[PDB]
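Student: The structure is given below, and queries will be raised subsequently.
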Protein chains: 2
Amino acid sequence: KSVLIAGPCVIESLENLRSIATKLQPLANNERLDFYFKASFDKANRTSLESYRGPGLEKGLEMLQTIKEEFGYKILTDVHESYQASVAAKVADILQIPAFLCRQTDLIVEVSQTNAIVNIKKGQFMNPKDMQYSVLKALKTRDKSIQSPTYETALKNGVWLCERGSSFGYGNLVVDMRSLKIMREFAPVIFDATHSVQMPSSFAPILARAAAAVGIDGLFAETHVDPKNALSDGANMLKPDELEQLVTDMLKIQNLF
Amino acid sequence: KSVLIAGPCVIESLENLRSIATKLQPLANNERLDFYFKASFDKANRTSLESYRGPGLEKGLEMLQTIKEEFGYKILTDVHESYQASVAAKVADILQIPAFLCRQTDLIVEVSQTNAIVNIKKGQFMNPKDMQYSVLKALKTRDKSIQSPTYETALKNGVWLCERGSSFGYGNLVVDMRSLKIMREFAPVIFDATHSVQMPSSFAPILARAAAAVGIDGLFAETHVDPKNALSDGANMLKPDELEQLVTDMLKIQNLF
């Protein structure tokens with residue numbers, strides 16, 4: 001079953017969380033998908049001190065927990081610092097490690113000590129073959145006998161890799177589709193269709209179709225019921241309708257192979 | 001006065017710190033230099049779990065304090081977590097923000113709330129003009145009235161930028177010398193000669209000569225008595241004699257302009 005992770009960039013309020021969770025219900029009920037609801041409790045590196053951060057760890061987890069209970073959703077959130085992982089894992093089913101923190105030992109180990117699936121985002125500065133090292137830190141934390149990171153062992157141990165593109169000069173990200181294949185030797189691979197498009201959004205669907213054809217284990221895409229009124233990533237988020245179309249296309253492509 | 005920050009990549013032992021400090025003694029007394037001794041208390045991004053980490057914050061700071069006392073040296077060290085800033089500033093005269101963490105708001109704010117100079121390293125994924133936002137978070141923490149970051153104000157309030165190169169494909173960093181000029185409109189600029197060389201330390205001297213000709217406020221270079229027996233970054237460190245040639249050439253070039 002292919003994975004879909006979807007939800008808003010940041011936790012905005014419980015009411016907005018409920019609205020988007022409600023519009024995701026058809027997709028959450030799709031028998032061909034293993035569905036996870038995403039929302040960030042903290043935006044840690046916004047442009048300005050004044051930019052919206054979200055509710056922070058304790059209140060954010062509370063809100064995600066309410067969504068888990070109200071909708072029966074599995075939950076993904078990202079962590080940023082040590083000492084968040086064990087607390088966040090009581091609520092989140094997947095704990096995502098941000099792209100810039102993908103080589104951070106202590107964080108990888110701490111998240112991997114929890115019961116959560118670990119989703120490690122590949123830094124835009126990384127050679128995909130070098131992601132084997134962060135997979136291995138996570139694997140060794142879970143089974144100390146493991147010497148080499150393979151897809152089968154990583155799947156067994158809930159350790160995933162996530163493609164979000166690579167730095168292509170200044171203010172541009174390029175998705176090297178070769179990386180989807182390279183990384184999948186080491187771990188299941190999720191393609192992030194939201195944060196991989198930077199051109200110095202309309203491309204999210206076509207990149208996701210390409211990724212589905214190459215071969216991936218799932219899709220990450222941020223979604224919001226009224227993106228123009230979003231507090232974070234508003235310009236890059238899909239309408240639930242648009243997300244549905246993209247998933248339909250993914251599933252048709254995957255049904256060929 | 002031009003800044004020189006020099007020292008080992010990681011604190012290996014007090015014996016090693018004392019050995020490298022002794023060799024740097026002629027440079028530390030150079031009246032044309034404003035000298036800081038550098039050593040990291042923790043290596044956070046190593047290849048494997050078994051990789052040497054360093055003594056850690058508590059013992060690391062104690063060791064850095066011993067060098068400050070014995071050699072009369074001002075101290076630089078890098079910090080990785082918000083919670084480390086307060087205590088590290090009791091020993092460290094400069095607190096450096098690692099390149100991958102150059103957008104992290106809380107770390108920037110916490111370090112800026114100390115009395116330390118803040119050296120903000122430009123991540124390899126960053127457009128150099130974008131570094132203004134990081135300088136501005138730090139400046140606003142120190143002086144709430146400031147609206148846009150400038151060299152003059154950053155100099156006054158102890159907030160610097162550090163060039164360490166940009167991602168150029170996979171496994172490669174290029175130094176765009178245009179960046180030294182671009183960033184210097186926002187803040188004094190330090191050039192990191194040892195972590196800017198990656199090619200898929202021989203190039204350290206030539207890039208530092210280039211940087212000096214362009215216009216920099218200082219140089220950062222890791223140096224070790226016996227790089228071959230180093231516990232970290234041994235491939236890229238300079239011998240103290242190599243560093244001295246590098247500094248001599250930089251000062252000659254700067255004398256010209």
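Every residue, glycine as well, gets a Cβ built from its backbone with ideal geometry; the counts of neighbours run over all protein chains shown. No lab work stands behind these numbers, since they all come straight from the coordinates.
Student: Along the positive direction of the dipole of chain B (beta-carbon charges: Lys, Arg +1; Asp, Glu -1; about the Cα centre), which of B:113, B:138, B:77 reaches farthest?
Tutor: Towards the positive end, the residue furthest out is B:138.
Student: Take every Cα pair under 8 Å in region A:55-108 that's 6+ residues apart, average their separations, divide by the length, and report that relative contact order as a whole percent.
Tutor: With pairs under 8 Å counted, the relative contact order is 31 percent.
Student: ³J(HN,Hα) across region A:40-53 via Karplus (A = 6.51, B = -1.76, C = 1.60, θ = phi - 60°), whole Hz, x for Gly/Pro?
Tutor: 8, 7, 8, 9, 8, 9, 6, 3, 9, 4, 7, 4, 5, 9
Student: List every residue whose amide H lies under 5 Å from the amide H of residue B:97, counting only residues 5 or more places away in sequence or on a different chain, with H placed 1.01 Å from N in the peptide plane.
Tutor: B:119, B:120, B:121
Student: Okay, which of region A:158-188 sit inside 12 Å, backbone N to the point 7 Å along the Cα-Cβ direction of residue B:198?
Tutor: A:167
Student: Please work out the Cα center distance from region B:1-78 to region B:178-203, rounded to the nearest Å.
Tutor: Region B:1-78 and region B:178-203 have Cα centres spaced 21 Å from each other.
Student: Counting other Cβ atoms within 10 Å of each Cβ, which trypsin sites (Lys or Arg not before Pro) in region B:101-152 have at most 14 and sit in a DSSP loop?
Tutor: B:144
Student: In nm, one decimal, shortest first: how far is the label point of residue B:145 (7 Å from Cα along Cα to beta carbon) from the matching points in the other copies?
Tutor: For residue B:145, the inter-copy label distances come out at 6.8 nm.
Student: Same structure again: With unit charges on the beta carbons (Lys and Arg positive, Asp and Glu negative) and the dipole taken about the Cα centre of the protein assembly as shown, which residue among B:183, B:21, B:149 sits farthest to the positive side?
Tutor: Value: B:183.
Student: Still on this structure: Give A:43/B:1; B:228/B:252; A:90/B:90; B:156/B:252; A:90/B:122; B:23/B:252 a once-over and call out the pairs whose C-alpha atoms are over 32 Å from each other.
Tutor: Cα-Cα > 32 Å for A:43/B:1; A:90/B:90; A:90/B:122; rest within.
Student: Just going by the charge dipole of region B:26-98, with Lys and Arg at +1 and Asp and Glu at -1 on Cβ, which of B:30, B:66, B:47 is farthest out on the positive end?
Tutor: B:47
Student: Shifting gears a bit: Using alpha-carbon positions, what is the distance between the centroids of region A:99-155 and region B:127-158, in Å?
Tutor: 36 Å
Student: From the label point of residue A:177, set 7 Å from Cα along Cα→Cβ, how far away are the matching label points in the other copies, in nm, ordered shortest to longest?
Tutor: Those separations, rounded to one decimal, come out as 4.0 nm.
Student: Taking a cut-off of 12 Å between Cα atoms, list the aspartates and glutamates near residue A:137, but don't count ones fewer than 8 places away on the same chain.
Tutor: A:106, A:110, B:50
Student: Using the number of other C-beta atoms within 10 angstrom as an exposure proxy, rank A:83, B:151, B:133 with the fewest first.
Tutor: Arranged by neighbour count, lowest to highest, A:83, B:151, B:133 become A:83, B:151, B:133.
Student: When a/c is below 1.5 the answer is rounded, else prolate if a/b is larger than b/c, else oblate, so apply that to region B:36-88 with a ≥ b ≥ c taken from the square roots of the Cα gyration tensor eigenvalues.
Tutor: Prolate, since a/c reaches 1.5 and a/b exceeds b/c.
Student: Output, in nm with one decimal and in ascending order, the distances from the residue A:254 label point to the matching label points of the other copies (7 Å from Cα along Cα-to-Cβ).
Tutor: Counterpart label points of residue A:254 in the remaining copies fall at 5.8 nm.
Student: As a check on your grasp of the helix formula, calculate [θ] at 222 nm for the protein assembly as shown: sum -39500 (n - 2.57) over DSSP H runs of n ≥ 4, divide by the residue count, round to the nearest 500.
Tutor: After summing the helix terms and dividing by residue count, I get -10500 deg cm²/dmol.
Student: Moving to a separate point now. If the only charges are +1 at each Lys and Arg Cβ and -1 at each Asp and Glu Cβ, what is the size of the charge dipole of chain A around the Cα centre, to the nearest 20 debye?
Tutor: 620 debye
Student: Under 5 Å between amide hydrogens, which residues at least 5 positions from residue A:3 or on another chain qualify, with H placed 1.01 Å from N in the peptide plane?
Tutor: The answer is A:34, A:218, A:219.
Student: Once phi is turned into ³J(HN,Hα) by the Karplus curve 6.51 cos²θ - 1.76 cosθ + 1.60 with θ = phi - 60°, what whole-Hz value does each residue of region B:208-213 show in order, with x for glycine and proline?
Tutor: These are the phi-based 3J(HN,Hα) values: 5, 4, 4, 3, 3, 5 Hz.
Student: Then there's this: Taking H placed 1.01 Å from N in the peptide plane, check which residues at least 5 places from residue B:75 or on another chain put their amide H under 5 Å from its amide H.
Tutor: Result for residue B:75 returns B:37, B:93, B:94.
Student: Taking the simple approach of a point 7 Å from Cα along Cα-to-Cβ for both residue B:52 and residue B:152, what is their distance in nm?
Tutor: The answer from the label model is 4.7 nm.
Student: Residues of region B:167-201 with backbone nitrogen within less than 16 Å of a virtual label 7 Å along the Cα-to-Cβ line of residue B:142, please, listed as ranges.
Tutor: B:184-190
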